[PDB]
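The same protein chain appears twice below, in two forms, each given on its own as structure tokens and labelled structure 1 and structure 2.
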Structure 1
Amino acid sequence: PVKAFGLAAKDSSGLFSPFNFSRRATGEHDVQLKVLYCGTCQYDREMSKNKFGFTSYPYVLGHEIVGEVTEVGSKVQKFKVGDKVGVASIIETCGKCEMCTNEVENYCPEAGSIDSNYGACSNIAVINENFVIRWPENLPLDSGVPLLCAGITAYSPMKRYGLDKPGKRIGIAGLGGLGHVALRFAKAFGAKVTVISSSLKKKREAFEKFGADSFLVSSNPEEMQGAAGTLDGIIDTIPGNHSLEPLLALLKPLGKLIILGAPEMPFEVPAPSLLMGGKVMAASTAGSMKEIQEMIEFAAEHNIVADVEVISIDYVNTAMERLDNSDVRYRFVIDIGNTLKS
């Protein structure tokens, strides 16, 4: 019913092009919004090329969204026309399951992603009110929008596994985009932060602007050994193949390794690397609506943003190529509001 336009790919090459379609009318509990900025990452490139078998074409990307409310339904009280809002990857769930009723609905077995019925790299989106967040006034929209993907991904497990308290010794493994964001949250929580990287080229970048308290080169066995058994937890953001044994060795007994990337090679985990000290390894995906709300207010309070490269709608194909397996520091953010046209 409501006319819309955006970018879509016709096949698994992942090449996007201008695409007309339509969205539903603003129902009783829905929020229509004009999209202002569309944050972009690996997920988009992988979905565009059907990496996981479940993409259907034509495919419109867009899972990290900030925008301005254009309509609200008759029952919607939380939001009004003109409000700045955010939308994350998950926009519907079943509502009945244990994960849904305990407000950890990001883990609903039947969770529906925003890009399944056309993503929001598009002029307008329409989203059920319970999956929209009120954007804080003190947070920029362009450099803030990636907090809805990278930010929540780090934030959720940091809260869940108690890696969020002053004086915790927290490792960050990998310092791409995702790692930079996780690092900024760890600092804001008042943690003593160690960056673990495979190269000295990253040391200055780690230390900059009241960042890391320590830096470990993972290929230096003297440094890694010196830090054995010292960390309360590690946020592992490394996207490609790596061993978990050297990270597990940095943990204190009972410490926690949180895995956020999805490397192709399975991890090899000798039982002793967990048994010695009763260590924990856990993974995590995205976060709940309650967590995203708490997360974005915390970002605002502590002035946390992502490093971004802002782009026009024309540059999306080239960006896709460039972000592929790169976990780039300056996350590509599309200025939908100013550059997308009919």
Structure 2
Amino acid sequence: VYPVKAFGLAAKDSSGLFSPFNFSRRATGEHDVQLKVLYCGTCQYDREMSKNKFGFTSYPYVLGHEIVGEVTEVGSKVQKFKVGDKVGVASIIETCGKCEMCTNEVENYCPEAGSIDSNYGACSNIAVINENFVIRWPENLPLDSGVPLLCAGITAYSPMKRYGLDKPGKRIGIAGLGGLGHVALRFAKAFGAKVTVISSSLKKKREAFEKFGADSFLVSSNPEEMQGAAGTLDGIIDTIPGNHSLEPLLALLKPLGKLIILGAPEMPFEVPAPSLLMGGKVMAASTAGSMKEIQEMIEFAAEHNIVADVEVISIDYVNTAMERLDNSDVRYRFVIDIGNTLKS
């Protein structure tokens, strides 16, 4: 219904099959930033959403919730951005502005928070975003390998800060060395933690040590390895997207330790009361992060040279990438090269 021509990829139904899709964006309002999309990260969440895993997908579904681009126009009241600036946008682009969560700068938890993909995401030529939901991209962070910071980076960083899993010398587990996990690992290392990777096989063992500097690696299907590490970890970041038990993770925690649940399985977790009571353990979940947190995160990543390991793909490759995500078959995030491959 709007004046600015847009084009990208959309799924028509819960098959999740993407196709070229024409749509539109609002004209640039007084407080808006229009940007040419350069790179669009993608991830398991897009695959899950495209197939309506969570039951809340609206079709047609235009993916794209982690973008970097260059400003093409700003509204008359925008001061902070100018034409040509490199900018990033994460998954939340509107909130109520007036509730407790919004006023306390944790607006990602606004009960009326609006996601970028809810009104056509930004695997597209252009995006138009209120200036309060855009960041200036740091000059020392690559655009292609940095874009997943707007999804994986913030999602890890926010709870790591909130729950105190950001201290040197503590022992932090990362469950699932995937898209989100490899970034969480890099943050934990930069905070000075000793990192244990908890993985479903030995395939990523060498990577964990030689790519990531893990201190130890546990295969979750090896009972002796898991048992040997009982009660050793201060915290665990659980990234696993598929059905799994929390009991083995809780067993790895010290008393008072914290399990942070980021992944979103369809099957509910079965949690015996003693698995928490014995040792007074904590389970917390977390989603995304606030704009204040994203700004802190991106400055921290720039200072510590934290980026993702990315496979840069074309628009035409997206359905292949989606199929590869069904076995997490990427090292470690797909990034779509919009600027060079989306046809105009």
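Under this definition, the rigid core comprises the largest set of C-alpha atoms superposing within 1.5 Å between the forms. One-based numbering along structure 1's sequence throughout.
S.K.: Only one of 221, 270, 166, 162 crosses a C-alpha shift of 2 angstroms between structures 1 and 2, counting 2 angstroms or more, core aligned. Which residue?
M.R.: Meeting the 2 Å or more criterion is only 221.
S.K.: Do you see a C-alpha shift of 2 Å or more at residue 285 between structures 1 and 2, with the core held fixed?
M.R.: No.
S.K.: Core-aligned, does residue 68 move its Cα 2 Å or more between structures 1 and 2?
M.R.: Where the cores coincide, residue 68 shows only a C-alpha shift between structures 1 and 2 that is less than 2 Å.
S.K.: Cα of residue 59 displaced 2 Å or more between structures 1 and 2, core superposed?
M.R.: Yes.
S.K.: Cα of residue 325: shift between structures 1 and 2 in Å, core-fitted?
M.R.: Reported C-alpha shift between structures 1 and 2: 5.4 Å at residue 325.
S.K.: With both forms fitted on the core, how large is the C-alpha shift of residue 19 between structures 1 and 2 in Å?
M.R.: Residue 19 is displaced by 2.8 Å at its C-alpha.
S.K.: Keeping the rigid core fixed, what distance in angstrom separates the two C-alpha positions of residue 243 between structures 1 and 2?
M.R.: Shift of residue 243 at C-alpha, rigid core superposed: 1.1 Å.
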